[PDB]
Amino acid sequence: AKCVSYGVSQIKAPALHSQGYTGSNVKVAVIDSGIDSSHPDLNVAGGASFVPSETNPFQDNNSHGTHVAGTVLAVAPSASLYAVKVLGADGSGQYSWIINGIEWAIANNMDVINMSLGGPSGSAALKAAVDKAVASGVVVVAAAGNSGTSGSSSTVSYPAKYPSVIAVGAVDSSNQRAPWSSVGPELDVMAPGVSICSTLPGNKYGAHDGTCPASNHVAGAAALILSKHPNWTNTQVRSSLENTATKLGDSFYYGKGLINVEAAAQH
């Protein structure tokens, strides 16, 4: 039944909830596989599809974007989620689709973009779009990737790897890096990403593992901070999260450490 992530307490969102800050009026674009807006535990504020063969962003056959929505709302329950569908049934999207998604978020005045997606390769056009979003004042959050460690190599995927993006890696209930959490100098912060229980299509609930759930907590945290400091820039929101993180291990593996949204929202 009504599953709340252990990660909501781990990042200290309850401190903000009890001050009456729950991400009210903050527009968050979930750029992903869609959101089952059927689910009676989710609010969805609107959406768009850039998958040519799947015009419905409110149908989630992959079941990924529905899980993403629940975790963002578990952290920021009165945020306005927008279902920006850029991934098809095979679980991938063309760069053009993802870019159309980012352009859509810019044109429709999103405060936060969550990208629980990545590839091994970037494009000039993807980097341009992401940089443009951040230049226009959008907080852009992305999953660091699930490619683990690879000796001395960065394994952080695009677009998390871009400096303009907040790359999020995954820890468990003990603040230990998940072994599949991508690593490298481009990694910014960590959040819970192991057995994260959230909403699934058809009024269901279930655990997922990944940097996807980790980034969902950070996107929610951005929404809480802007709830309380509506006049903060994306720059100030990003600084608050990075400078107040609980230091864990070396920054190659853990970046700045675990986000503390309570500490971030005083800063």
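Quick note: we count residues from 1 along the sequence shown, nothing fancier.
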{"query": "Mean Cα B-factor comparison, 68-76 or 180-188, giving the higher one as deposited", "finding": "68-76"}
{"query": "Between the two ranges 58-66 and 219-227, the one averaging a larger CA B factor in the entry", "finding": "58-66"}
{"query": "From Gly145, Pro159, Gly193, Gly93, residue of greatest CA B-factor", "finding": "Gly93"}
{"query": "Residue of maximum C-alpha B factor among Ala89, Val141, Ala128, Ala170, per deposited coordinates", "finding": "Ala89"}
{"query": "CA B-factor placement of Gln10, once the chain's modelled residues are sorted into thirds", "finding": "middle"}
{"query": "Modelled-residue ranking by C-alpha temperature factor, third containing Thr246", "finding": "middle"}
{"query": "Ranked C-alpha temperature factor of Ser174 among modelled chain residues, by third", "finding": "highest"}
{"query": "Relative C-alpha B-factor of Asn109, binned into the chain's lowest, middle or highest third", "finding": "middle"}
{"query": "Chain-relative CA temperature factor third for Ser116", "finding": "highest"}
